[PDB]
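Quick notes on the structure that follows.
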Amino acid sequence: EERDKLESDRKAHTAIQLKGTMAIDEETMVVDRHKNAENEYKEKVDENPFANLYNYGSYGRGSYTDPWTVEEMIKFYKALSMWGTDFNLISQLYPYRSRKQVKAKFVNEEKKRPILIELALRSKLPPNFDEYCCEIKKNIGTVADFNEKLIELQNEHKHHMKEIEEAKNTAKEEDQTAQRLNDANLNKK
Amino acid sequence: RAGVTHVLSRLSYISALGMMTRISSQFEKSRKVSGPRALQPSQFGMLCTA
Amino acid sequence: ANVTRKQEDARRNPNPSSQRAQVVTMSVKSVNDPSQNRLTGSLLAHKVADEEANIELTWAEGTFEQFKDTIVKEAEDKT
Amino acid sequence: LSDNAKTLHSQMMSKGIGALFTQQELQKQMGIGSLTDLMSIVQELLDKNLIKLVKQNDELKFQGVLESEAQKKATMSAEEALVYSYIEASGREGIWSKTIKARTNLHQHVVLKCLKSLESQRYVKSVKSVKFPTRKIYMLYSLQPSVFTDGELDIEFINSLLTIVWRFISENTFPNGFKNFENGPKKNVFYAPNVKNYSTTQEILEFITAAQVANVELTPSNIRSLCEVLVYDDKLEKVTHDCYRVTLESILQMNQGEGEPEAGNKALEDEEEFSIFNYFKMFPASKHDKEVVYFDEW
DNA sequence: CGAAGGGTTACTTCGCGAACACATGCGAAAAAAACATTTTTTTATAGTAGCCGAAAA
DNA sequence: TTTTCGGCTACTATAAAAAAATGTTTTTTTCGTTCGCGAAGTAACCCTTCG
């Protein structure tokens with residue numbers, strides 16, 4: 001629509017040199033009175049027709065769901081035979097659903113079936129294909145507890161060293177300010 | 001600005017016609033003789049002289 | 001002359017103290033949201049009187065240009 | 001950024017103490033117009049801003065920190081790094097909230113969300129003044145100025161230091177235990193009061209140097225002069241230079257405790273003006289014209 | 001003989017009235033503090049926002 | 001190609017003691033239509049006096 005209706009990106013930046021120019025380029029800062037002057041920008045882009053619609057009755061929270069896939073159900077029974085009641089891992093194992101709706105799915109599947117769930121808790125399968133799916137479909141690194149623990153310890157040590165260096169720099173600045181105050185008292189008399 | 005409007009007097013149809021078409025002023029309460037009280041000869045057809 | 005005498009009286013004065021060292025041009029202001037406005041064209045013809053000036057020379061010999069070309073224009077006008 | 005090598009040129013020219021001569025050299029190296037254009041671009045790439053003075057152009061100020069980044073603390077808005085740059089150059093003490101309200105003519109709740117979003121990453125490390133007229137706070141670092149050796153020293157160790165310097169000058173400019181009783185006080189004071197007759201003359205700061213607690217008690221002979229002014233307007237005379245003369249109220253309210261017991265020597269003269277002791281009038285007893293006379297709510 | 005100490009008349013600016021009846025402490029940045037939300041554990045229960053299939057042509 | 005009537009999804013409400021992370025309304029410092037007459041601040045000019 002910017003191509004259709006209409007440089008065009010006339011905005012500001014994090015610094016004061018905004019435009020065109022940063023200042024005058026003839027002899028000195030000439031356009032500093034104009035560079036020192038946000039609300040004048042490009043907005044005539046998104047035009048849409050009107051209506052007199054409504055959203056009443058009940059608006060706000062809710063749940064947009066569907067009749068569930070039977071292949072998703074087979075994957076859920078294989079998962080509960082492989083890696084059980086692990087709400088966060090189950091929400092991550094289906095990474096386009098959400099959290100409260102799969103909790104309603106937990107209580108719904110806890111309702112109707114004792115046999116395959118009892119055989120699932122009988123099974124005790126080791127979690128390798130679950131990590132395979134979680135590392136392919138998400139492309140997450142999953143660094144182990146030694147590497148992640150060492151990285152967290154290194155970050156904590158870097159933060160403690162930065163805090164100690166800031167405290168030492170503040171003490172040195174306070175000592176320099178006390179020396180400057182003593183020098184000003186010596187120069188006042 | 002005080003005294004802009006007035007309740008509509010209906011003593012007669014002449015009252016309802018003559019309270020309209022009325023030229024109120026700014027010199028409302030001031031005891032000055034022969035100033036903005038005596039009518040001027042530039043009123044022939046402009047305003048009523050009686 | 002009058003601005004020169006006031007500047008010479010404002011020369012070597014001790015009233016511009018050490019504020020002249022820490023002069024910053026960081027005073028960029030937002031656009032005039034409904035509080036009070038800028039100059040904005042009311043004195044732009046009064047403001048632009050020192051920004052530029054051209055040195056235009058004398059004429060002293062010009063006879064042909066704005067006299068004969070005017071008659072040559074009538075040769076192509078033709079009513 | 002990564003425009004060209006002129007970022008490295010700006011670092012090399014901003015390494016040391018710079019002035020307008022550095023920009024003279026920077027315009028002196030290559031051809032002038034392309035240098036001015038690319039230097040305007042580099043100054044538009046979040047670098048040093050020029051200064052309008054009697055001289056042409058100055059740097060801001062001497063260092064090559066280059067930390068604003070314009071998009072990344074938690075969110076993205078081109079208003080926060082502006083306010084951070086406003087509180088970079090606050091100066092000695094800091095900046096007001098009304099001053100940052102006066103500049104940029106913005107709202108106050110955007111200043112409050114700047115406060116929160118910059119306090120989330122420790123750049124609003126403030127220094128508090130003794131008084132709070134308009135919240136002179138929110139400087140950069142280190143709590144540097146403190147307007148505070150005796151000003152922010154309230155209240156208990158001002159009284160403790162006052163008591164111990166009163167004790168030391170009372171034991172220096174007068175002998176130690178001859179103020180307790182009247183059995184020959186001070187022995188024809190200081191042995192026929194001639195040329196001995198001395199005082200401290202920087203010895204009081206030596207006695208302070210004998211014992212401190214090391215928080216604010218390194219006084220460069222000016223807080224000692226402030227306490228000197230605090231003591232000669234109540235109970236010291238201090239003839240011209242440094243001779244204190246603690247007396248005429250030290251003896252009474254120093255030796256009232258365990259030095260002036262009951263069954264004394266002689267009854268006192270009526271209405272001794274230089275005396276605050278034994279003045280009571282009522283268990284309840286305020287019937288008639290007892291000492292209820294003073295000022296009577298005129 | 002000339003500079004200085006009262007001493008008054010002269011120009012200019014600030015306080016009241018005009019009839020006599022009738023019947024119509026306030027505002028505006030923040031700051032210590034007592035406090036609720038917001039959970040998640042169900043969970044009984046109706047239906048009310050939104051969603052496709054068996055029914056008629 | 002059009003409509004209608006039955007299956008699922010499920011969130012509100014009260015009640016429970018459970019306890020933690022985080023956000024929510026009042027205070028104490030400072031300030032932008034006469035005219036006439038009678039009476040009270042600043043100047044122009046004499047009477048008198050010392051260096």
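Letters for chains follow the order of the structure tokens (A, B, ...), residue numbers begin at 1 for each chain, and ligand numbers begin at 1 in the order shown.
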- From a DSSP pass on the backbone, collect the residues of range 46-166 of chain D flagged as alpha helix (DSSP H) and hand them back as an MDAnalysis selection string. chainID D and resid 80:88 97:102 109:119 156:166
- Message: List as a PyMOL selection string the protein and nucleic acid residues near residue 22 in chain A, meaning an atom at most 8 Å away when only C-alpha atoms (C1' of nucleotides) are counted, but skip any in the same chain fewer than 4 places from it.
- Response: (chain A and resi 17-18+31-32+35) or (chain D and resi 40-41+43-44)
- Task: Write down, as a PyMOL selection string, each residue of chain B that has any atom within 12 Å of an atom of chain F, counting only C-alpha atoms (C1' of nucleotides).
- Result: chain B and resi 26-33
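The gap separating CA of residue 91 in chain A from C1' of residue 47 in chain E is 28.9 Å, in Å to one decimal.
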Can you check which parts of chain D lie within 10 Å of chain A? Per residue, the shortest pair of atoms and distance in Å to one decimal, counting only C-alpha atoms, sorted by chain and number, as a tab-separated table.
residue	atom	partner	partner_atom	distance
D:33	CA	A:25	CA	8.8
D:36	CA	A:25	CA	7.1
D:37	CA	A:25	CA	7.6
D:39	CA	A:22	CA	9.7
D:40	CA	A:22	CA	6.0
D:41	CA	A:22	CA	7.6
D:42	CA	A:22	CA	9.7
D:43	CA	A:17	CA	7.3
D:44	CA	A:17	CA	5.3
D:45	CA	A:15	CA	8.2
D:46	CA	A:15	CA	5.9
D:47	CA	A:15	CA	8.4
D:48	CA	A:15	CA	9.8
D:49	CA	A:17	CA	8.3
D:50	CA	A:29	CA	7.9
D:51	CA	A:29	CA	8.6
D:52	CA	A:29	CA	7.5
D:56	CA	A:28	CA	6.9
D:57	CA	A:28	CA	7.6
D:68	CA	A:14	CA	7.8
D:69	CA	A:14	CA	8.1
D:70	CA	A:14	CA	5.2
D:71	CA	A:14	CA	8.3
D:77	CA	A:14	CA	8.7
D:78	CA	A:14	CA	5.3
D:79	CA	A:14	CA	7.0
D:80	CA	A:14	CA	7.9
D:81	CA	A:14	CA	5.6
D:82	CA	A:14	CA	5.7
D:83	CA	A:14	CA	9.4
D:84	CA	A:14	CA	9.8
D:85	CA	A:15	CA	8.1
D:104	CA	A:37	CA	9.2
D:141	CA	A:170	CA	7.6
D:142	CA	A:170	CA	4.6
D:143	CA	A:170	CA	7.7
D:144	CA	A:174	CA	6.1
D:145	CA	A:177	CA	7.5
D:146	CA	A:177	CA	9.8
D:218	CA	A:178	CA	9.9
D:219	CA	A:182	CA	9.4
D:220	CA	A:182	CA	6.8
D:221	CA	A:185	CA	9.3
D:222	CA	A:185	CA	8.2
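Applying a distance limit of 10 Å to only C-alpha atoms (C1' of nucleotides), the residues of chain F near chain A read residues 8, 9, 10 and 11 of chain F.
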Could you please take those selected residues and save C-alpha atoms (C1' of nucleotides) as a JSON list (two decimals), in the first residue's frame?
[["chain", "number", "residue", "atom", "x", "y", "z"],
["F", 8, "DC", "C1'", -18.25, -31.74, 20.58],
["F", 9, "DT", "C1'", -15.11, -27.32, 23.04],
["F", 10, "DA", "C1'", -15.58, -25.05, 27.51],
["F", 11, "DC", "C1'", -15.93, -20.85, 31.13]]
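Our summary of the geometry notes that CA of residue 84 in chain A is positioned 20.2 Å from CA of residue 138 in chain A.
Picture a line from CA of residue 86 in chain A to CA of residue 122 in chain A; it runs 16.7 Å.
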- Spatial neighbours of residue 131 in chain A, 12 Å, only C-alpha atoms (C1' of nucleotides), chain gap at least 2 places, as a PyMOL selection string: chain A and resi 79+82-83+89-90+92-93+126-129+133-142
Considering only C-alpha atoms (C1' of nucleotides), tabulate each residue of chain E that lies at most 9 Å from chain A along with its nearest interatomic pair and the corresponding distance in Å to one decimal; arrange the rows by chain and ascending residue number and present them as a Markdown table.
| residue | atom | partner | partner_atom | distance |
| --- | --- | --- | --- | --- |
| E:48 | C1' | A:58 | CA | 7.9 |
| E:49 | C1' | A:58 | CA | 6.2 |
| E:50 | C1' | A:64 | CA | 7.5 |
| E:51 | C1' | A:66 | CA | 7.2 |
| E:52 | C1' | A:67 | CA | 8.5 |
Would you tabulate, counting only C-alpha atoms (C1' of nucleotides), all residues of chain E that have an atom at most 12 Å from an atom of chain B, showing the closest pair of atoms and their distance in Å to one decimal, sorted by chain then ascending number, as a tab-separated table?
residue	atom	partner	partner_atom	distance
E:17	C1'	B:31	CA	11.2
E:18	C1'	B:31	CA	7.9
E:24	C1'	B:7	CA	10.7
Dump N, CA, C and O atoms (P, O5', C5', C4', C3', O3' and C1' of nucleotides) for the selected residues as a PDB file, in the first residue's frame?
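The result, stored in again-v2.pdb:
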ATOM      1  P    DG E  17     -20.873  55.988  48.153  1.00  0.00           P
ATOM      2  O5'  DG E  17     -21.562  57.360  47.699  1.00  0.00           O
ATOM      3  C5'  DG E  17     -21.345  57.867  46.386  1.00  0.00           C
ATOM      4  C4'  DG E  17     -22.645  58.377  45.794  1.00  0.00           C
ATOM      5  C3'  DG E  17     -23.759  57.355  45.738  1.00  0.00           C
ATOM      6  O3'  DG E  17     -25.013  58.014  45.679  1.00  0.00           O
ATOM      7  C1'  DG E  17     -22.809  57.687  43.562  1.00  0.00           C
ATOM      8  P    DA E  18     -26.370  57.191  45.916  1.00  0.00           P
ATOM      9  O5'  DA E  18     -27.209  57.457  44.584  1.00  0.00           O
ATOM     10  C5'  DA E  18     -27.641  58.770  44.282  1.00  0.00           C
ATOM     11  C4'  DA E  18     -27.355  59.124  42.835  1.00  0.00           C
ATOM     12  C3'  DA E  18     -28.086  58.287  41.810  1.00  0.00           C
ATOM     13  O3'  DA E  18     -29.408  58.766  41.654  1.00  0.00           O
ATOM     14  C1'  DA E  18     -25.826  58.674  41.141  1.00  0.00           C
ATOM     15  P    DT E  24     -44.698  38.653  40.703  1.00  0.00           P
ATOM     16  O5'  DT E  24     -43.410  39.025  39.827  1.00  0.00           O
ATOM     17  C5'  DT E  24     -42.472  38.019  39.470  1.00  0.00           C
ATOM     18  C4'  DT E  24     -41.621  38.472  38.298  1.00  0.00           C
ATOM     19  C3'  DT E  24     -40.565  37.465  37.839  1.00  0.00           C
ATOM     20  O3'  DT E  24     -40.521  37.421  36.419  1.00  0.00           O
ATOM     21  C1'  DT E  24     -39.533  39.521  38.355  1.00  0.00           C
TER      22       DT E  24
END
- Test item: chain F residues at most 12 Å from chain D, counting only C-alpha atoms (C1' of nucleotides), as an MDAnalysis selection string: chainID F and resid 28:30
I'd like a table as JSON lines: residues in chain C with an atom no more than 9 Å from chain D, each row giving the shortest atom pair and its distance in Å to one decimal, only C-alpha atoms counted, sorted by chain and rising residue number.
{"residue": "C:20", "atom": "CA", "partner": "D:53", "partner_atom": "CA", "distance": 7.6}
{"residue": "C:21", "atom": "CA", "partner": "D:53", "partner_atom": "CA", "distance": 9.0}
{"residue": "C:22", "atom": "CA", "partner": "D:91", "partner_atom": "CA", "distance": 8.4}
{"residue": "C:23", "atom": "CA", "partner": "D:51", "partner_atom": "CA", "distance": 6.4}
{"residue": "C:24", "atom": "CA", "partner": "D:51", "partner_atom": "CA", "distance": 6.0}
{"residue": "C:25", "atom": "CA", "partner": "D:51", "partner_atom": "CA", "distance": 6.0}
{"residue": "C:26", "atom": "CA", "partner": "D:86", "partner_atom": "CA", "distance": 7.2}
{"residue": "C:27", "atom": "CA", "partner": "D:103", "partner_atom": "CA", "distance": 7.6}
{"residue": "C:28", "atom": "CA", "partner": "D:104", "partner_atom": "CA", "distance": 7.1}
{"residue": "C:29", "atom": "CA", "partner": "D:104", "partner_atom": "CA", "distance": 4.3}
{"residue": "C:30", "atom": "CA", "partner": "D:104", "partner_atom": "CA", "distance": 5.2}
{"residue": "C:31", "atom": "CA", "partner": "D:104", "partner_atom": "CA", "distance": 8.4}
{"residue": "C:32", "atom": "CA", "partner": "D:105", "partner_atom": "CA", "distance": 7.9}
{"residue": "C:33", "atom": "CA", "partner": "D:105", "partner_atom": "CA", "distance": 7.9}
{"residue": "C:35", "atom": "CA", "partner": "D:105", "partner_atom": "CA", "distance": 7.7}
Could you turn the residues from that selection into a file that holds C-alpha atoms, as a short mmCIF file (atom, residue, chain, number, x, y, z; two decimals), in the first residue's frame?
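So part_15.cif came out as:
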data_model
loop_
_atom_site.label_atom_id
_atom_site.label_comp_id
_atom_site.auth_asym_id
_atom_site.auth_seq_id
_atom_site.Cartn_x
_atom_site.Cartn_y
_atom_site.Cartn_z
CA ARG C 20 30.68 27.83 27.84
CA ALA C 21 32.83 24.70 28.20
CA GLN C 22 29.96 22.22 28.63
CA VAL C 23 27.76 23.49 25.81
CA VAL C 24 25.70 20.65 24.36
CA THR C 25 23.56 20.57 21.22
CA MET C 26 21.46 17.69 22.56
CA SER C 27 18.36 19.92 22.88
CA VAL C 28 16.24 18.24 20.18
CA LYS C 29 12.54 18.80 20.94
CA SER C 30 9.43 16.88 19.90
CA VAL C 31 6.89 18.24 17.41
CA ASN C 32 4.38 20.72 18.88
CA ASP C 33 1.79 18.47 20.45
CA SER C 35 0.96 22.91 23.84
#
- Query: Contacts of residue 42 in chain E at 12 Å or less, counting only C-alpha atoms (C1' of nucleotides), minus same-chain residues fewer than 4 places along, as a VMD selection string?
  - Reply: (chain A and resid 107) or (chain F and resid 15 to 16)
Contact table chain D vs chain E, cut-off 9 Å, shortest pair per residue, only C-alpha atoms (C1' of nucleotides), as a tab-separated table:
residue	atom	partner	partner_atom	distance
D:97	CA	E:29	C1'	7.9
D:98	CA	E:29	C1'	8.1
D:108	CA	E:29	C1'	7.8
